[PDB]
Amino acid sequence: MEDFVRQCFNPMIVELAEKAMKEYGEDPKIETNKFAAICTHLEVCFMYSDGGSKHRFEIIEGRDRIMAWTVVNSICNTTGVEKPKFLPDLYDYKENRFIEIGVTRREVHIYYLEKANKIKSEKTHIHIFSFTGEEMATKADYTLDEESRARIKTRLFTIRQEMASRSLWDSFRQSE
């Protein structure tokens, strides 16, 4: 999984995932499935953009969580949007709402429901992606155009297929 993660993901993404796990008392080399899951979730957050023109999305994920909260505060003060109780993944400057991104090896609908229960607030948008080319979003609002989401689904499916050829997929699917 390590050898796969180092080869499959960008070195900056690998460095961020190593920090997040060591920060939470877990080592990248034993809980290898968490290593790959954190790398994949980070990548999806980076691709969550229409890829053109303005900086529509503030990426909250992948940053020092203490510092990321000050950014959420600054947005809420300027925008007036209610403050989320849990640190979201992105903020949409066009729709003026926070986004929680989910990447699951389980089903998109059951993973959305768990997120919605935990989020509690109806204001934070939820967008779930799977490794099987499916997605689920709040009120069927997928935020991005279909080509941007197609890039994410194909990348996730590509990750899924690359793991499967190395016999790593089934264990990665069961770790969740």
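Definition used throughout: the rigid core is the maximal C-alpha set that superposes within 1.5 Å between two forms. For every residue, the number given is its place in the sequence shown, counted from 1.
Fitting each structure in 7 other deposited structures of this protein onto the rigid core and averaging C-alpha distances over structures and residues, 22-30 emerges as the more displaced of 138-146 and 22-30.
Stretch comparison, 151-159 versus 13-21: after rigid core superposition, larger RMS CA deviation in 7 other deposited structures of this protein is found for 13-21. When the mean C-alpha temperature factors of 40-48 and 118-126 are read from the deposited coordinates, 118-126 comes out higher. Relative to its counterpart among 146-154 and 51-59, 51-59 has the higher mean temperature factor, C-alpha atoms as listed in the PDB entry. Remark: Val103 belongs to the lowest third of its chain, ranked by C-alpha B-factor as recorded.
Among the modelled residues of its chain, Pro88 has a C-alpha B-factor that falls in the lowest third, as given in the PDB entry. When the modelled residues of the chain are ordered by C-alpha B-factor, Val72 sits in the lowest third. Compared with the other modelled residues of the chain, the Cα B-factor recorded for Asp64 ranks in the middle third. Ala140 sits in the middle third of its chain by CA B factor, as recorded in the PDB entry.
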